[PDB]
Amino acid sequence: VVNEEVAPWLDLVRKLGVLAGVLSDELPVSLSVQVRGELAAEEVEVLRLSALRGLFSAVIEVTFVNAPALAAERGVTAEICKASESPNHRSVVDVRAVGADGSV
Amino acid sequence: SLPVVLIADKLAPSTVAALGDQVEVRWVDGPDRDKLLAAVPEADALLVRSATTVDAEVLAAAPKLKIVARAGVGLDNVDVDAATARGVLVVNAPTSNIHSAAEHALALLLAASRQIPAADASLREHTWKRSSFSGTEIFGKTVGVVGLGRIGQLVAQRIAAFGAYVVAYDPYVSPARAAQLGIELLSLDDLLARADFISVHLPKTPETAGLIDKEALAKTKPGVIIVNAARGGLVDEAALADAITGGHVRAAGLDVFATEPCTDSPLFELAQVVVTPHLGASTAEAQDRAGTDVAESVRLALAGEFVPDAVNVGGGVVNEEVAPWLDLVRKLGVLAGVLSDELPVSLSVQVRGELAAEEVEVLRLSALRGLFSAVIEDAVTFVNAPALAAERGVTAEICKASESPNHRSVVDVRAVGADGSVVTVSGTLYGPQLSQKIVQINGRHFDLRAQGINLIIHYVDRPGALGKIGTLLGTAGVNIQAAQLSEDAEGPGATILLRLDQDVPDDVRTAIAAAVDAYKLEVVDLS
Amino acid sequence: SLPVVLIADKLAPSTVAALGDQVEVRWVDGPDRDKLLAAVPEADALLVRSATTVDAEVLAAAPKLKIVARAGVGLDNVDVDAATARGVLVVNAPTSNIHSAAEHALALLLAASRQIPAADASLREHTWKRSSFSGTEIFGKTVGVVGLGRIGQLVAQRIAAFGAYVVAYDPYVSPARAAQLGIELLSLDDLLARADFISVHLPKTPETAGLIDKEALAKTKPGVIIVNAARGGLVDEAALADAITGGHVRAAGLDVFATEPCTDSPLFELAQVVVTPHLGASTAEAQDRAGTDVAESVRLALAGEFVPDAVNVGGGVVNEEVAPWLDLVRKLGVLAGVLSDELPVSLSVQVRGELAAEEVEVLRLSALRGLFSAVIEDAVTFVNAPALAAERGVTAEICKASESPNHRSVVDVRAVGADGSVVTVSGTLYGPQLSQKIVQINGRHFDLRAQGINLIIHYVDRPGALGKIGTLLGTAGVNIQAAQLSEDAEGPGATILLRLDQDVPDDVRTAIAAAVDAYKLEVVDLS
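Protein chains in written order, with the entry's author numbering: chain B, 319 to 379, 382 to 424; chain A, 3 to 529; chain A', 3 to 529. A prime marks a further copy of an entry chain.
What follows is the structure in structure tokens.
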């Protein structure tokens, strides 16, 4: 069960992955999803899947158990972090894409 | 161990008797630097007039100083920033000169209408030139009061008993307050057109400086008598001389000069202009009151009580959590006032989220300080809310809510109009540096630095408007640092706010207004 | 010799501990007449709840009585006229039930939306009829508050946290006050059209009685739930039943009845109508507060201090010179309110001539009492000005002047609008009988009894207007006792005021308005 607090973020975090991908010059070698604030008390694994899926749609002609194997075979490692501490927003999700050349 | 109150200028023990028997009062020759610096280390309070300068050197040398009290209205001789910087409460006596100044304005108006000095001079030269003089009668005439603060109000009251009709210009008094005074509020242009006498009662702010220039003088009624016992320069000195010489304004009275000491004004060569060396408060009664006022402020302050006449913030007065919010909230007040069509009758300050757990009454005062900046002089930070409410007709309240919708803390300033309309502006602070951010205006959200010159436009012609505006601005050489724009949720309108690196010349503002068919165009400096 | 405080109803010593140790507190069985009458001769103060009747007999029997205090809101059991007649201060606890009443309105709204009683009954009959019920959700809905006094304000605050949008109807709250509350002020018609829920919070005055009749019920939204925990009859009981039965209003909640005790209402035969036997204040907390409130009022009163919660005037409270002016000035407030386009933001009371030498602050309260009569219940004479200002947004001031232009004394009431417009009405007293006279309205002078039914018309079509009006009135059978009329000094308008022997039917008012092309037509009873 995706928690009621988490469900509404799925689509947002997908769009963040879309954005991070299109805004990346090269295909990223890594994707990092950082959950901060109140949301960080929830189960948010599924937000990593959403990001990745946003990342890859913005690049490839993509489902939820599809994307981790697609990511692997495109050499994109993912990562998810959770921290209660958010400096401004009550809850915020950051999607970070790093390219082969070290660009962010 | 009795607290030490050091008096560094000429204030009599009797003048300062409001201090209890619970203090040790000492005197020093303040103007003598060596004496002062030797006496101040032991001082818990320092009272001063105008002759002693309370700079950083003095403050650094006074390790237990809790209050600097200036027995007067001006704060030129006190570095209020340094005092705040070291947690020292600064106080003045803000209403101590009001009757003496009002009376002096009237003195100058009568002295000019009836040529008292010249006449006195003729008799002083042992001749009788009665046939030469011709005065002007006040009864039945219209008197324009430019600025309706406390003093302008007293002048209107006194002049009204002469049978004069009183009109006033002051965008910073509510219409209901003016109506309670029985005074008709007018545009400046209309006051100029109507007034047989003009008395100026503005503070000096760049909003105010040289307000009555040649353009203005030319709109007045032929035969006007004009008095300025307010601030040097409110009436352009050279333009006055021109208008006096040309005959259009019959007479004037001045107590204050663009720069003083003033000994070389051309106005001094004109008989029809009565002049006095800044005497408006030169009265035993006003100097005594300045002292007894400030003696009471110092008592309250030493009694850990609340100090209405405070000018700044110093001491426990404010938490570390709250302190950084003061300046942001001041800027929200400025903004809510600029975005308003007319003076709101009140400000509602809503404090939401984490900040709501704090003691935040001072934030209500910040908002008001911001709203009224155009009639407040820079040094002052705090203003007396009850006095503001009674004098100008505007109030403020604070409301707290546990929840802030988005940011962990937000402050919303609601400026409410007499007709029940509302203008809302919000800010937060966040980050290691606690940068001040404007985050909402009237239901539109964004994130813009609360700083610099900001241009705000409400307008109706939408397509290509961004291009038109940015192109006009950039042709004028104006850099656009940041921007926020959105089409109204309901209606034909749209709005945009831009941070610029400089002000916008009037012609270009006119061009922009024309280009996008603006109904509101404002430029506000949030620094 | 310690002052005697007699408690004649069930108030605990602890409830009344706010009385000092400087009084002797005794108890009596108030409802027992013999006991009461035997105990009261020694009483300096008398506290009572609802069970003891404080009539003239009681008062005549209590020669040193200074205060009658009612621990509650109603004054039905006290003859306030007789008490005033004998110089006895009467006090109540005017805000003691506000939270319990607000909570009960909410209780009734929820109980009706979710059919709590019926549902509880089904389970009480040992059956499970879950499928039968269908409730109504408050979130996102519009809630109409009819009357925005203190309690209506609390209800709006509580209901707003349910995510409901709040609108209100109250001609007696300023637009700026409503905007500070974040509430949209509406015409009654517009509230009716928009509201999914209606909560009534009016006082009972003939301005108010049966406000929501069949005509009104028919304007509401299909599916409305309507609550009245205010006053019996505000919503027409039979019209409600009709609308409930017909289905148009889904549910209702009532705590009060056109007449109570009520045991036979048809509404009691309707499941979709939740009913409670006037329980709004039936709370230990509200009864305790009523007591501690009134215990403090009695302390202040015995301390020769000022009694905010006073309901009338008694004792030194007012000079013999001033006393007769109270009722005149109340009538000036009524008049200034009627002649105003909307609620003034303030009243300026000017006292001029001989009366100016008197202590006349109470006159400021009279004016306000008059202005607000439509939302004040008859027994009350004094109202709490600070509370009125905070609750409804209207203030009053007094100004004195030595000179009255014509009469030896005159009082002018200036009603000032938020836009700075002003309505002025003046009266005097003179003569062996001190007859009350209205002597000015808006710069027009005359001499008319301040009494009876007065019709006031501002109108634009002038020639033969006197004939048209007097002919319509006299065809309706209406006698015209006195009259004052004049053509405006500037403009096409004219005005007339007439004292009539009866009210004017609506159709004839419509006819008169039509006949002279009126822009304002009002009928006010000044008795």
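Each residue gets a CB set at the ideal place from its N, CA and C atoms; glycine is no exception.
- Looking from the CA of A:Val331, the closest CA among A:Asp23, A:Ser16, A:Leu528 belongs to A:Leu528.
- At a cut-off of 8 Å between C-beta atoms, A':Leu193 does not count as an interface residue with respect to chain A.
- The shortest C-alpha to C-alpha distance from A':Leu487 to any of A':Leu304, A':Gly495, A':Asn321 is the one to A':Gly495.
- Following the DSSP letters along the chain, one finds A:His460 inside the beta strand (DSSP E) bounded by residues 455–461.
- Each of A':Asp490, A':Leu475, A':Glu489 was checked against the Cα of A':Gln483, and the nearest Cα belongs to A':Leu475.
- Unbroken beta strand (DSSP E) stretches of 3 residues or longer found wholly inside the region 230–273 of chain A': 251–256, given in chain order.
- In this structure, the straight-line span from the alpha carbon of A':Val92 to that of A':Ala297 is close to 13 Å.
- Annotated as proximal: A':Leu431 and A':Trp327, with beta-carbon spacing under 8 Å.
- In this structure the region 142–151 of chain A' lies against the region 163–181 of chain A', because at least three pairs of beta carbons, one per stretch, are closer than 8 Å.
- About 16 Å separates the beta carbons of B:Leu370 and B:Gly419, which is beyond the 8 Å limit, so they are not a contact pair.
- The straight-line gap separating the alpha-carbon atoms of A':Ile118 and A:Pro407 is approximately 33 Å.
- Among the residues of the region 395–426 of chain A, those with a Cβ less than 8 Å away from any Cβ of chain B are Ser406, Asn408, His409, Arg410, in the order of the chain.
- Here A':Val313 is near A':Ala381, since their CB atoms are less than 8 Å apart.
- For B:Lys333, the enclosing alpha helix (DSSP H) covers residues 327–340.
- Every alpha helix (DSSP H) stretch that sits fully inside the region 413–481 of chain A' and reaches 4 residues is listed by chain position as 467–477.
- Relative to the Cα of A':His203, the nearest Cα in the group A':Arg252, A':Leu108, A':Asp311 belongs to A':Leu108.
- For the 8 Å CB-CB criterion, A:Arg291 and A:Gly22 do not form a contact.
- Secondary structure note for A':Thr144: it is in no alpha helix (DSSP H), and the uninterrupted beta strand (DSSP E) holding it is 144–148.
- Under the Cβ criterion of 8 Å, A':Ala178 is counted among the residues facing chain A.
- Fewer than three beta-carbon pairs drawn from the region 258–265 of chain A' and the region 64–73 of chain A' are found closer than 8 Å, and the two stretches are therefore not classed as touching.
- Between the alpha carbons of A:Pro279 and A':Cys401 lies a distance of about 36 Å.
- Residues of the region 158–188 of chain A that bring their beta carbon within less than 8 Å of a beta carbon in chain B are absent altogether.
- With a cutoff of 8 Å on beta-carbon distance, A:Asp198 and A:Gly225 are scored as near each other.
- Taking A':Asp81 as reference, the option from A':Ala95, A':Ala62, A':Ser98, A':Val385 with the minimal CA-CA separation is A':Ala62.
- In the DSSP secondary-structure assignment, A':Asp527 is bridged to A':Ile455.
- Spanning the alpha carbons of A:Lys12 and A:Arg233 requires a straight line of approximately 25 Å.
- Per DSSP, A:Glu217 is one residue of the alpha helix (DSSP H) stretching across 216–219.
- Taking 8 Å as the cut-off, the beta carbon of A:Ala84 is found closer than this to the beta carbon of A:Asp57.
- Closest option to A':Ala417, judged by alpha-carbon separation, among A':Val347, A':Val385, A':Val27: A':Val347.
- Look at the region 323–353 of chain A': the residues with a C-beta under 8 Å from a C-beta of chain A are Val347, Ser348, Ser350.
- From the listed residues B:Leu349, B:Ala325, B:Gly422, the smallest Cα separation to B:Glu360 is found for B:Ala325.
- Between the C-alpha atoms of A':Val6 and A':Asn321 there is a straight-line separation of about 26 Å.
- If you draw a straight line from the Cα of A':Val18 to the Cα of A':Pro205, it is about 28 Å long.
- For A:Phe384, the number of other beta carbons within 10 angstroms of its own is at least 16, and it is reported as buried.
- Residue-level contact check: A:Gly433 touches chain B, since one or more beta carbons of chain B fall below 8 Å from its beta carbon.
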